[PDB]
2 protein chains.
Amino acid sequence: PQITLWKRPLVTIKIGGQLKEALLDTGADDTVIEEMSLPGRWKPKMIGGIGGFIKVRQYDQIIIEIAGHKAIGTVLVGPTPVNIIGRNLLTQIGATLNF
Amino acid sequence: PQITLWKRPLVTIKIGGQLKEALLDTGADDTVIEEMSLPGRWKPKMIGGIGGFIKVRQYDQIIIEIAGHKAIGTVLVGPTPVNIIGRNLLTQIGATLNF
Ligand SMILES: COc1ccc(S(=O)(=O)N(CC(C)C)C[C@@H](O)[C@H](Cc2cc(F)cc(F)c2)NC(=O)c2ccc(C)c(Nc3nccc(-c4cccnc4)n3)c2)cc1
Ligand SMILES: [Cl-]
Ligand SMILES: [Cl-]
Ligand SMILES: [Cl-]
Ligand SMILES: [Cl-]
Ligand code: NA
């Protein structure tokens, strides 16, 4: 698709069998999702946003579908205000910015 | 142009007679710039994201040039970690996300 930006670029994702809403976010290096259960071990990560820092749980090699496009990669889990799909997964789905 | 997302999508902007580097940010509703002076009226606002909220000054009807493309709109000024070009100005330069 070609997604214009008059509204938030929200898509459906599928992670852990479940559908969620998420924001396609070119300003995010990494993908950050609200609290949920994921398999395997996690590693610590601190990320900084507009208001300060939050600790998240880093899960690697997670299967995740974004707007119907299959990806496998890192997902950060923690107290984000909204689910955000960052560049690590935008690159897997072949997304670019165009003007 | 077509901008890939292997790295942060940074561009040069001109705002208030100054050159700055800023991130093209589809996850940002509004444009947020580090502390600077702008002409005209403003009003206070709180904006939120990862890590909580910051207080900003809202200036309306500000001209900007984003990677060579002019537009006009609201600019929020305050203690953002990164200068952000949000959707309110990305729409005006015709930016889309494509995959
Ligand atoms: C109404 O208008 C507005 C309201 C809110 C905003 S916003 O809050 O800016 N935001 C809203 C979304 C979160 C929904 C836009 C979003 O793209 C922001 C833009 C941003 C990037 C950044 F980068 C630092 C910042 F403030 C801000 N993304 C993240 O916060 C972001 C997204 C993902 C990650 C992983 C990180 N943090 C990060 N990334 C890599 C490394 C580190 C790091 C590593 C080691 C030490 N410290 C930091 N942190 C940050 C904008 C306009
Ligand atoms: Cl739109
Ligand atoms: Cl990844
Ligand atoms: Cl505006
Ligand atoms: Cl349009
Ligand atoms: Na004004």
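Naming: A, B, ... by sequence-line order, numbering from 1 per chain. Below, all heavy atoms of this structure are taken into account, side chains as well, without hydrogens, waters or symmetry copies. Each ligand, and each atom within it, is numbered from 1 in the order the structure gives.
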| side-chain contact (heavy atoms from CB on, under 4.5 Å) with A/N88: which of A/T74, A/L76, A/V75? | A/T74

| To the nearest 0.5 Å, how far apart are CZ in B/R87 and CG in B/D30? | 8.0 Å

| request: Could you tell me the separation between the OG1 atom of B/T96 and the CG atom of A/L97, rounded to the nearest 0.5 Å? | output: 7.5 Å

| Atom NZ of A/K20: over 12 foreign heavy atoms under 6.0 Å | yes

| said: Can you tell me how far apart CG (B/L89) and CD1 (B/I63) are? Round to the nearest 0.5 Å. | reply: 11.0 Å

| field | Atoms of type N/O/S from protein, distance to the Na ion (ligand 6) below 3.0 Å | value | 1

| query | According to the interplanar angle, ranging from 0 to 90°, do the rings of B/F99 and A/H69 count as parallel (below 30°), tilted (30 to 60°) or perpendicular (above 60°)? | reply | perpendicular

